[PDB]
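Student: So I've got this file, final19.cif, and it contains mmCIF, C-alpha atoms:
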```
data_protein
loop_
_atom_site.label_atom_id
_atom_site.label_comp_id
_atom_site.auth_asym_id
_atom_site.auth_seq_id
_atom_site.Cartn_x
_atom_site.Cartn_y
_atom_site.Cartn_z
CA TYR E 1 12.35 -7.19 -20.98
CA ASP E 2 13.64 -10.55 -19.76
CA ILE E 3 15.52 -11.12 -16.49
CA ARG E 4 16.45 -14.37 -14.73
CA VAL E 5 16.92 -14.33 -10.96
CA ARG E 6 17.60 -16.88 -8.25
CA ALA E 7 18.32 -17.08 -4.54
CA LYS E 8 21.79 -16.89 -3.00
CA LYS E 9 21.56 -20.63 -2.29
CA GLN E 10 19.92 -22.28 -5.28
CA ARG E 11 16.91 -24.50 -4.57
CA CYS E 12 13.47 -25.26 -5.99
CA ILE E 13 10.84 -22.51 -6.23
CA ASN E 14 7.39 -23.47 -4.93
CA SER E 15 5.37 -20.23 -4.90
CA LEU E 16 5.55 -16.71 -6.30
CA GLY E 17 3.78 -13.43 -5.67
CA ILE E 18 3.83 -9.99 -7.28
CA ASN E 19 2.24 -7.18 -5.30
CA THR E 20 0.36 -4.16 -6.64
CA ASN E 21 3.27 -1.78 -5.93
CA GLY E 22 5.74 -4.06 -7.71
CA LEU E 23 7.04 -5.88 -4.62
CA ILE E 24 7.99 -9.47 -5.49
CA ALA E 25 7.93 -12.35 -3.02
CA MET E 26 9.15 -15.91 -3.52
CA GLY E 27 8.65 -19.27 -1.83
CA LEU E 28 11.60 -21.66 -1.83
CA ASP E 29 12.44 -25.08 -0.42
CA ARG E 30 14.03 -25.77 2.97
CA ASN E 31 17.62 -24.61 3.45
CA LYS E 32 19.30 -24.34 6.84
CA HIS E 33 21.37 -21.25 5.94
CA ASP E 34 18.86 -19.20 3.95
CA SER E 35 15.39 -17.70 4.14
CA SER E 36 12.53 -19.35 2.25
CA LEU E 37 10.40 -16.16 2.08
CA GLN E 38 12.44 -13.62 0.12
CA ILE E 39 10.66 -10.32 -0.57
CA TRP E 40 12.47 -7.85 -2.82
CA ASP E 41 11.82 -5.15 -5.40
CA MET E 42 13.11 -5.34 -8.96
CA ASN E 43 13.82 -1.60 -9.28
CA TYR E 44 16.48 -1.77 -6.54
CA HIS E 45 18.04 -4.97 -7.90
CA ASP E 46 21.58 -5.04 -9.26
CA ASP E 47 21.36 -6.11 -12.89
CA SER E 48 24.94 -7.46 -13.03
CA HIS E 49 24.19 -10.46 -10.79
CA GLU E 50 21.75 -13.34 -11.03
CA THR E 51 21.25 -13.43 -7.25
CA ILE E 52 18.69 -11.29 -5.42
CA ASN E 53 19.30 -9.11 -2.39
CA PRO E 54 16.05 -9.32 -0.39
CA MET E 55 14.56 -6.34 1.38
CA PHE E 56 12.82 -8.65 3.87
CA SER E 57 13.89 -12.17 4.83
CA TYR E 58 11.59 -14.52 6.73
CA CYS E 59 11.10 -18.21 7.53
CA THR E 60 14.63 -19.50 7.92
CA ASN E 61 15.01 -23.31 8.08
CA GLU E 62 11.51 -23.77 6.64
CA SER E 63 9.91 -24.83 3.35
CA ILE E 64 7.28 -22.40 2.06
CA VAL E 65 4.94 -24.14 -0.38
CA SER E 66 2.31 -21.47 -1.14
CA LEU E 67 1.98 -17.73 -0.61
CA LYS E 68 -0.28 -14.85 -1.60
CA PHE E 69 -0.03 -11.08 -1.13
CA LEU E 70 -2.96 -9.89 0.98
CA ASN E 71 -2.27 -6.14 1.07
CA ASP E 72 0.46 -3.79 -0.15
CA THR E 73 2.52 -4.78 2.92
CA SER E 74 1.20 -8.10 4.30
CA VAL E 75 1.75 -11.56 2.82
CA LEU E 76 0.04 -14.84 3.76
CA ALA E 77 2.59 -17.66 3.57
CA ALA E 78 2.12 -21.39 4.11
CA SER E 79 4.95 -23.72 5.11
CA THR E 80 4.94 -27.51 5.41
CA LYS E 81 3.83 -27.37 9.06
CA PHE E 82 2.58 -23.80 9.68
CA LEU E 83 0.36 -21.08 8.25
CA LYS E 84 1.52 -17.50 8.78
CA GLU E 85 0.62 -13.93 7.89
CA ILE E 86 3.84 -11.91 7.83
CA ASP E 87 3.86 -8.12 7.63
CA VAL E 88 6.95 -6.48 6.17
CA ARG E 89 6.74 -3.67 8.75
CA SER E 90 7.42 -5.98 11.72
CA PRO E 91 9.98 -8.78 12.21
CA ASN E 92 7.46 -10.79 14.28
CA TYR Y 1 -1.83 13.39 6.20
CA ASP Y 2 0.78 14.44 8.75
CA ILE Y 3 3.60 12.23 10.04
CA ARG Y 4 6.66 13.11 12.13
CA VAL Y 5 9.77 10.95 11.83
CA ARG Y 6 13.30 11.02 13.21
CA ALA Y 7 16.46 8.95 13.26
CA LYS Y 8 17.24 6.26 15.82
CA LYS Y 9 19.79 8.63 17.36
CA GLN Y 10 18.30 12.12 17.35
CA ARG Y 11 20.43 14.85 15.77
CA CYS Y 12 20.05 17.86 13.48
CA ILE Y 13 18.76 17.41 9.93
CA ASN Y 14 20.79 19.21 7.25
CA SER Y 15 19.39 17.97 3.91
CA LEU Y 16 16.37 16.14 2.55
CA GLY Y 17 15.44 14.47 -0.71
CA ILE Y 18 12.30 12.86 -2.11
CA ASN Y 19 12.74 10.71 -5.21
CA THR Y 20 10.28 10.22 -8.06
CA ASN Y 21 9.26 6.74 -6.85
CA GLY Y 22 8.60 7.95 -3.30
CA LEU Y 23 12.00 7.00 -1.88
CA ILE Y 24 13.01 9.46 0.85
CA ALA Y 25 16.61 10.25 1.80
CA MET Y 26 17.87 12.33 4.69
CA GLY Y 27 21.10 14.09 5.66
CA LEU Y 28 21.96 14.23 9.35
CA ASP Y 29 24.81 15.47 11.52
CA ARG Y 30 27.84 13.44 12.62
CA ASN Y 31 27.19 10.53 14.99
CA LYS Y 32 29.72 7.78 15.66
CA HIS Y 33 27.11 5.00 16.01
CA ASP Y 34 24.67 5.88 13.23
CA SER Y 35 24.47 6.55 9.50
CA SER Y 36 24.06 10.11 8.26
CA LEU Y 37 22.55 9.08 4.89
CA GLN Y 38 19.33 7.23 5.69
CA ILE Y 39 17.27 6.20 2.66
CA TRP Y 40 13.86 4.67 3.36
CA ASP Y 41 10.35 4.42 1.94
CA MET Y 42 7.27 5.66 3.76
CA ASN Y 43 5.00 2.84 2.53
CA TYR Y 44 7.09 0.23 4.38
CA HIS Y 45 7.36 2.34 7.54
CA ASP Y 46 5.81 1.24 10.82
CA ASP Y 47 3.30 3.90 11.83
CA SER Y 48 3.45 3.07 15.56
CA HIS Y 49 6.99 4.42 16.02
CA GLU Y 50 8.58 7.81 15.42
CA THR Y 51 11.88 6.24 14.38
CA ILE Y 52 12.66 5.15 10.81
CA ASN Y 53 14.04 1.81 9.70
CA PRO Y 54 16.24 2.62 6.69
CA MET Y 55 16.39 0.43 3.62
CA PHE Y 56 19.91 1.70 2.85
CA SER Y 57 22.40 3.13 5.35
CA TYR Y 58 25.50 5.01 4.23
CA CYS Y 59 28.15 7.43 5.51
CA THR Y 60 28.70 6.31 9.08
CA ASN Y 61 30.74 8.68 11.28
CA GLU Y 62 30.19 11.52 8.82
CA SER Y 63 28.16 14.73 8.60
CA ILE Y 64 26.14 15.05 5.38
CA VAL Y 65 25.28 18.68 4.68
CA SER Y 66 23.59 18.55 1.25
CA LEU Y 67 22.14 15.84 -0.99
CA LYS Y 68 20.11 15.51 -4.17
CA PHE Y 69 18.54 12.51 -5.92
CA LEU Y 70 20.09 12.14 -9.37
CA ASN Y 71 18.15 9.13 -10.68
CA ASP Y 72 15.55 6.71 -9.32
CA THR Y 73 18.39 4.80 -7.62
CA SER Y 74 21.45 7.09 -7.32
CA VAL Y 75 21.92 9.96 -4.87
CA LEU Y 76 24.64 12.64 -4.84
CA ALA Y 77 25.60 13.39 -1.23
CA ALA Y 78 28.04 15.95 0.15
CA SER Y 79 29.72 15.61 3.54
CA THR Y 80 31.94 18.10 5.36
CA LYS Y 81 35.10 16.76 3.68
CA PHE Y 82 33.94 14.61 0.74
CA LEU Y 83 31.60 14.57 -2.26
CA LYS Y 84 30.06 11.23 -3.16
CA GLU Y 85 27.58 9.64 -5.55
CA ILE Y 86 26.07 6.62 -3.81
CA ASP Y 87 23.94 4.08 -5.65
CA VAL Y 88 21.46 2.07 -3.59
CA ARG Y 89 22.22 -1.04 -5.66
CA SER Y 90 25.84 -1.29 -4.47
CA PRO Y 91 27.40 -0.94 -0.99
CA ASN Y 92 30.49 0.73 -2.49
#
```
Could you express the structure from this file as structure tokens?
Tutor:
Amino acid sequence: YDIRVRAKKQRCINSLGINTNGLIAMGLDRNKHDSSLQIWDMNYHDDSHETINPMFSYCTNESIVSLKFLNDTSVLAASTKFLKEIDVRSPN
Amino acid sequence: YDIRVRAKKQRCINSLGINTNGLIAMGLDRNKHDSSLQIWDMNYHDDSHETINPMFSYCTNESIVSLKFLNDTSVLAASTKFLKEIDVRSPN
């Protein structure tokens, strides 16, 4: 098919990752009212809206520049001043 | 394997549903501070805790007695005084 999606607050996309189980992550620019690491699944996405409702939101007030899915649950994300490995099963 | 799970507020389980894509729903009794229709996935479940973190929470202050997964996203739930079809892609 063909679907176009975007964040709730529109800004430039730096990185992108698709997991093995279809989980999709996204690296955005820095916005003070939104998360720059949005992880969501396309099967549970409302098709009537361009915006995405993320399952997991991380890295608020940060600018993620590169990311890569390590496992089926863990993602390795790089910001402009940090390097993190964030698991979706823990908020820390 | 073998895993035991329960709600954040422990109460009797009335119904249970497993979807085709591995999504698991659950019908509980009536609690005034918790949702009786907890839908969650076991792959994104923290294995160090007995409690479940639900992806979608519905039917607060209600007692769901029977439920059945219609589609990969919609569930048909029955309470003690209502009969609802709740889609996970919309909060209404």
Student: Kindly determine which residues of chain E lie within 12 Å of chain Y, considering all atoms listed in the file, and give the answer as a VMD selection string.
Tutor: chain E and resid 21 to 23 40 to 49 52 to 56 71 to 74 87 to 91
Student: Might you pull out every residue within 12 Å of residue E:16, with all atoms listed in the file counted and same-chain residues fewer than 5 positions away left off, and present them as an NGL selection string?
Tutor: :E and (23-28 or 36-40 or 64-69 or 75-78)
Student: What would the list of residues within 9 Å of (20.2, -23.5, 1.2) (file frame) look like as a list in words, if all atoms listed in the file are what count?
Tutor: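 Result, sorted by chain then residue number: residues 7, 8, 9, 10, 11, 29, 30, 31, 32, 33, 34, 35, 36 and 61 of chain E.
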Student: What gap, in Å, lies between atom CA of residue E:3 and atom CA of residue E:62?
Tutor: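 Those two atoms sit 26.7 Å apart.
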Student: What is the distance, in Å and to one decimal place, between atom CA of residue E:51 and atom CA of residue Y:85?
Tutor: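 Pair atom CA of residue E:51 / atom CA of residue Y:85 returns 24.0 Å.
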Student: For atom CA of residue E:5 and atom CA of residue E:70, quote the distance in Å rounded to one decimal.
Tutor: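 Spanning atom CA of residue E:5 to atom CA of residue E:70 is a straight-line distance of 23.6 Å.
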